[PDB]
Amino acid sequence: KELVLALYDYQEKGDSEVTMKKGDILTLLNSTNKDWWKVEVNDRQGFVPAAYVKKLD
């Protein structure tokens, strides 16, 4: 934890980004930036758009 829900699909478009599918449950690594959050998807980690993931309570 903490976990986030992928609200939308996101295809990585750079070396520090990562790909995710709508509905995936990702471990949130870092949400300090307003635009890009660091998440783990299984064996991959990297940044996705903050608008596209929802913090789970």
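What the entry reports as its method is X-ray crystallography, with 1.450 Å given for the resolution.

The chain has the name Spectrin alpha chain in the PDB entry, where Gallus gallus is given as its organism.

Peer 1: In this structure, what is going on with the pattern of salt bridges? I would like to understand it.
Peer 2: Where charged atoms from two side chains of opposite charge approach closely, those side chains can pair. Per the counting criterion, the structure on display carries one salt bridge. Notably, a salt bridge pairs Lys34 with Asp35, separated by 3.5 Å at the nearest N-O pair. Of the residues examined, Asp35 reaches a relative accessible area of 43% and is grouped as partly exposed.

Peer 1: When you look at unusual backbone geometry in this model, what are you seeing that I'm missing?
Peer 2: What you tend to see is this: most non-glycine residues have negative phi, and most peptide bonds are trans. Note the cis peptide between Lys1 and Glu2, where omega equals 0°. Note on placement: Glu2 falls in the segment before β1 (3–6). The phi torsion at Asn42 lies on the positive side, around 65°, for a residue other than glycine.

Peer 1: Where do I start with the packing of aromatic side chains in this structure?
Peer 2: Aromatic rings in a pair are described by how distant their centres are and how their planes are angled relative to each other. Evaluation of the coordinates by the stated rule reveals three aromatic pairs. On the numbers, 5.4 Å between centres and 70° between planes, the contact of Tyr8 with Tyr52 is edge-to-face. Linking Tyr8 in the loop between β1 and β2 (25–30) with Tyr52 in the loop between β4 (44–49) and β5 (53–55), this pair joins segments that are 44 residues apart in sequence. Residue classification places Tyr8 among the partly exposed positions, given a relative accessible area of 49%. For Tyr52, a relative accessible area of 30% puts it in the partly exposed group.

Rules used in this analysis
- Residues numbered from 1 in each chain as written, not as in the entry; some residues may be left out.
- Heavy atoms only, no water.
- Salt bridge = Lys/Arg side-chain N within 4 Å of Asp/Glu carboxyl O.
- Buried < 20%, exposed > 50% of the residue type's maximum accessible area, 1.4 Å probe, protein only.
- Helix = DSSP H or I, 4+ residues; strand = E, 2+ residues; numbered from the N terminus.
- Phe/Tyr/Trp six-rings, centres within 6.5 Å; stacked < 30°, edge-to-face > 60°.

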